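Quick check, what structure comes out for this input:
(chains A, B, C, D, E and F, ligands or ions: 9)
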6 protein chains.
Amino acid sequence: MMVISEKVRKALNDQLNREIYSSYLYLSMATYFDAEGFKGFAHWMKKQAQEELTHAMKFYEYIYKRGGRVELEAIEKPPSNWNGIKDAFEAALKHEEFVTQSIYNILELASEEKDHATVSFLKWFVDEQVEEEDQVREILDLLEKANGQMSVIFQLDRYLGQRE
Amino acid sequence: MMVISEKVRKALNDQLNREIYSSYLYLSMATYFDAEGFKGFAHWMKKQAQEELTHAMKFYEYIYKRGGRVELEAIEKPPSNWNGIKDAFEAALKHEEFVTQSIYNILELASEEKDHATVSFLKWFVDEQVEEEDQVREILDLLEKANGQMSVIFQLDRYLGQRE
Amino acid sequence: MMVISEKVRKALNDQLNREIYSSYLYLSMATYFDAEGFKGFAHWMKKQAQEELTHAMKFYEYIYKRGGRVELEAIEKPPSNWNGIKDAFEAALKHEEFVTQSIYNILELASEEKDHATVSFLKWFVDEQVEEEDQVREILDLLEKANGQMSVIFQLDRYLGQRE
Amino acid sequence: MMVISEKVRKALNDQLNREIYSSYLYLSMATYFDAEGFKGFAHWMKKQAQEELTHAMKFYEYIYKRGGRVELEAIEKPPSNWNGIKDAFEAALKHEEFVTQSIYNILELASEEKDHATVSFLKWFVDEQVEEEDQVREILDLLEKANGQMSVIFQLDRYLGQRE
Amino acid sequence: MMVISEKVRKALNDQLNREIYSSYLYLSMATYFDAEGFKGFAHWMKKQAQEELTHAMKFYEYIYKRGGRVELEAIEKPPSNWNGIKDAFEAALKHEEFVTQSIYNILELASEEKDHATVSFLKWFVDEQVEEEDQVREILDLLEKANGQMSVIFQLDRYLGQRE
Amino acid sequence: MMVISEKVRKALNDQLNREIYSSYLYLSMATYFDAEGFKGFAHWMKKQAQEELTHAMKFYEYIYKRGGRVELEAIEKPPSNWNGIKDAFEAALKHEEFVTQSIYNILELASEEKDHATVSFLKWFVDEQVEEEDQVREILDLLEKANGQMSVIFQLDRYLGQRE
Ligand SMILES: CCCCCCCCCCCCCCCCCCCC
Ligand SMILES: CCCCCCCCCCCCCCCCCCCC
Ligand SMILES: CCCCCCCCCCCCCCCCCCCC
Ligand SMILES: [Fe+3]
Ligand SMILES: [Fe+3]
Ligand SMILES: [Fe+3]
Ligand SMILES: [Fe+3]
Ligand SMILES: [Fe+3]
Ligand SMILES: [Fe+3]
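Numbering: from 1, shown residues only, chains lettered A, B, ... in the order given. Ligands and ions are numbered 1, 2, ... in the order given. Structure as follows:
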């Protein structure tokens, strides 16, 4: 029997599908970077897409551990184009902050229901979101300091393509 | 400049999106098996989902090698339930046969345009599809021999749960 | 369900039985060389017989992978005698070319029916036939220069007796 | 010079061709098991086919050691179908006992001619047939206890698929 | 005896000489880059000249395997100068695309004659040409982003100078 | 600034193209040996062809080290046919002696101009030419002792096929 409420279960299932879209969105940024010839930036986004799937699977396993079930929903078409290298990463940061707020909303719902298990489970994502936002802010800061010089952009592309 | 025709490029980009859905469909079959308590079958479907992602990324790589660009499209909601273990694998089998026919159509399109590079590239998927269909047929054959006998179904769940 | 046509399955099953006969034929050439006291040439033919069996088993595996069945047929009695070492290899070259043409006919039949899986599967045998015909031609050209000189035939016997 | 009588050489050459058919017969039993979806039992028959070929090559080497030569004959078409797993292995047992009696006849013929070299050479096959018959009797005994229970047949198939 | 047609042998022999000229052409671009003081770009072209030689030897090997012989023809004088780094690599891309079409013509010729051995042999060059064109397009894209900036050109020179 | 005179650079550039032809000539001798079925002699000529390319690149390096630039010229069609194995190697010897005399002429030209750097650089080729002429003379002496006997020629083919 399910020991999370249907409201909490649906909130968690909604976030799983949101994590799937985040994966799809980052792959779409890879299609943009590859079209612009930045295979290092595209590589960074492909690795980011795979990491987002592990976030989705962590929601997946917790839902079943609490006696629930996952229902996959349609994935909306992501944007394919951005007005430059820095514009894409600014869209990534805005998305991650949106995901952080979505995690907050589940946390507050679970907290009002005294669902301490789900509240505690979400702590990992709260801390992880802090790191996800910082990693994009650092990249954005280096892109701003580059100020469009292919000199620096070439090294940052080579550097981000180095991601394991 | 793109050296594949827009017709061939659209056919390849469509197949990439079909591979993305195939991954999603097998993830949804994993949600079904996990809901039914068969963590070995669910594990098998999760591994199949990741293998379909590598199929999509192969189309991804080739499109850019020929000067094209990938555009990710919306992903339809897959079915979430099946009328049994054998009904799911039968849906998996006919999905894969449909995928083989879709690859066949690109090959014939590429062949009529004398796009030998794409014809040769598609050979790996033709051979791979032979194995994809065969492994599902083997599971269906073992499930039919099982005839819904839990002691045998337990062994196949453990067996498929060992997939690397 | 069989996903190859009955016409193609019979063509593939016929070639399996042809590969079995070729295996048998090379063993019979070994019986001739051993009768003549050339254990190096006989060793080469015994290894060639084993190699043809792996060709037959490759057809075996593909037929079942496509949902078909193998039916073994009677094997004709091969010749037991040849008019010397060079006459045997002249029969071997003529035989390999016959096998190559038999592979060609299956390839063209599968191609007419748009059976791309079988067309792709046969590519391995096409390339292998290039090597097998070349190996016999190399031996025949070296035998032609030998002109029956026993000092050269011994070293070639010792050399071919070293086959892995 | 040949130091075995032509009567003995013919008996040994006939047995060689019998071993070739034995290999072919067990390969045909593999085609039946593979058609029925028991790839473990089919694996057992494919390995058994290889072992019969080593029996043929043992007769091969001895015939030439005694100054004789081998003449390969046509191979009869083996049966392609059996009415069940127990029917196939029971046909295997009766074939092996028929092979044992044929070896007995050579031993008695050779001993009446006081061909002690051939009598002693056949000792290895006499002992080997004891093991060949016993291994089939053991499988038949396990099949009789299984009485068609798929849970038992499944891992008996897996066990015989482990044959080295 | 030659088992490829004279029409196909000449087509293959013509392509071998084409590969020889391409080898010579890339060596000539190295003389240009070295004259301009770019030892990294020159190093890249010297490695490319050697890779083209292995292409020629592959055609060499196959022609003799099919019973033909190679006849070396005169090599035209390649251009010695170019209007810039990007002019050379754009001439390299145009040449490689011309080489691919020459491979396409041989494949279509061989297929019209049902020379399946040559059609299958040429698949390797079809796939290789995809990579040859892709790597030059990548360099052209990096040169376009450099836009003549010596700070960026210095990085691309050292990068291409690291080619093994 | 170029520190060799234009007359010395032209003499060096002419020898570079001469070395390129020497490589091409030995590859042509390989096509003849392969056409005659002597894969050992052909292997020797293929290795010799690769060695001549390193001679050309040595001239390539020295010309640029002295501030000059290389201009590649057209390569004449080499001969494809010889009367026999001993003609090919006798043509190789007289070609190498011609190369030695051409190096002598550059040496005397450079010494007339008191270009001590080029004179000392050429010493390596003077000593190397002694070895190249010697190794061909040894092969010619063994072929003369063979006197067209195929049993001895086969041993020399195998031996020269071992060249590293
Ligand atoms: C090497 C580059 C890899 C890029 C991967 C991009 C993945 C995008 C996925 C979008 C959503 C489609 C459904 C994915 C299901 C994944 C299931 C994983 C189970 C372990
Ligand atoms: C050196 C031995 C050559 C033997 C040639 C025999 C020709 C006729 C053989 C008929 C039966 C062949 C059975 C082959 C079974 C192979 C099983 C392989 C399993 C991986
Ligand atoms: C490192 C620079 C190399 C430049 C090569 C330019 C070649 C131009 C044509 C001259 C003839 C080349 C013959 C090559 C024969 C190679 C044989 C290899 C056998 C494995
Ligand atoms: Fe996330
Ligand atoms: Fe797929
Ligand atoms: Fe064959
Ligand atoms: Fe036996
Ligand atoms: Fe090439
Ligand atoms: Fe030289």
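
Tell me how many other residues crowd residue A:55.
Close neighbours of residue A:55, defined as other C-beta atoms under 10 Å in any protein chain shown, add up to 22. (Each C-beta comes from the backbone N, C-alpha and C, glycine too.)

where's it relative to ligand 5, distance?
24 Å (C-beta to the ion, to the nearest Å).

Apart from its neighbours in sequence, what residue is nearest that residue?
Nearest non-adjacent residue to residue A:55, counting by C-beta to C-beta, 6 or more residues apart in numbering or on different chains: residue A:19, 4.7 Å away.

How much space separates that neighbour from ligand 7?
Residue A:19 is 62 Å from ligand 7, by C-beta to the ion.

Pull the contacting residues for that residue.
A:52, A:53, A:55, A:56, A:59, A:99 (C-beta atoms under 8 Å, 6 or more residues apart in numbering or on different chains).

Let me have those in TSV, extended by distance to residue C:144 and secondary structure.
Shown next, in TSV, are the contacts of residue A:19 (distance: C-beta to C-beta, whole Å; DSSP: H, G, I helix; E, B strand; the rest coil):
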residue	distance to residue C:144	secondary structure
A:52	68	helix
A:53	65	helix
A:55	71	helix
A:56	70	helix
A:59	75	helix
A:99	77	helix
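
filter the residues you listed down to the ones near ligand 1?
Filtering the contacts of residue A:19 for neighbours of ligand 1 using C-beta under 6 Å from any ligand atom leaves residue A:53.

What is the nearest of the contacts of residue A:19 to ligand 5?
Checking these against ligand 5 with C-beta to the ion, the nearest one is residue A:53 at 17.4 Å.

what are the phi and psi angles of residue A:75?
Note on residue A:75: backbone dihedrals following degrees, to the nearest 10 are phi -110, psi 120.

before we move on, what SS does residue A:50 have?
helix (DSSP: H, G, I helix; E, B strand; the rest coil).

burial measure for the nearest residue to residue A:68 once chain neighbours are set aside, as a count.
Residue nearest to residue A:68 in three dimensions, not counting chain neighbours: residue A:9, with 4.5 Å by C-beta to C-beta, 6+ apart. Under the neighbour criterion other C-beta under 10 Å, residue A:9 is assigned a count of 20.

now whichever strand or helix holds residue A:9 against helix B:6-35, angle please.
Using DSSP states H and E, residue A:9 maps to helix A:6-35. Interaxial angle of helix A:6-35 relative to helix B:6-35 (axes from the mean of the first three to the mean of the last three C-alpha atoms, to 10 degrees): 150 degrees.

Report the distance from helix A:6-35 to the chain centre.
Here the centre of helix A:6-35 is set off from its chain's centre by 7 Å, with C-alpha atoms, centre = their mean, to the nearest Å.

ditto for stretch A:51-65
Relative to its chain's centre, stretch A:51-65 lies at 13 Å (C-alpha atoms, centre = their mean).

swap in stretch A:149-159?
On C-alpha atoms, centre = their mean, the centre of stretch A:149-159 falls 24 Å from that of its chain.

and it, which residues are buried?
A:150, A:152, A:153, A:154, A:156, A:157 (16 or more other C-beta atoms under 10 Å in any protein chain shown).

surely the fifth one meets residue A:146?
Yes: shown here, residue A:156 and residue A:146 form a contact pair, counting by C-beta atoms under 8 Å, at 6.7 Å.

name the element the residue in chain A positioned nearest to ligand 3 belongs to?
Nearest residue of chain A to ligand 3 (C-beta to the nearest ligand atom) works out as residue A:158 at 27.5 Å. Following DSSP H and E, one finds residue A:158 within helix A:150-160.
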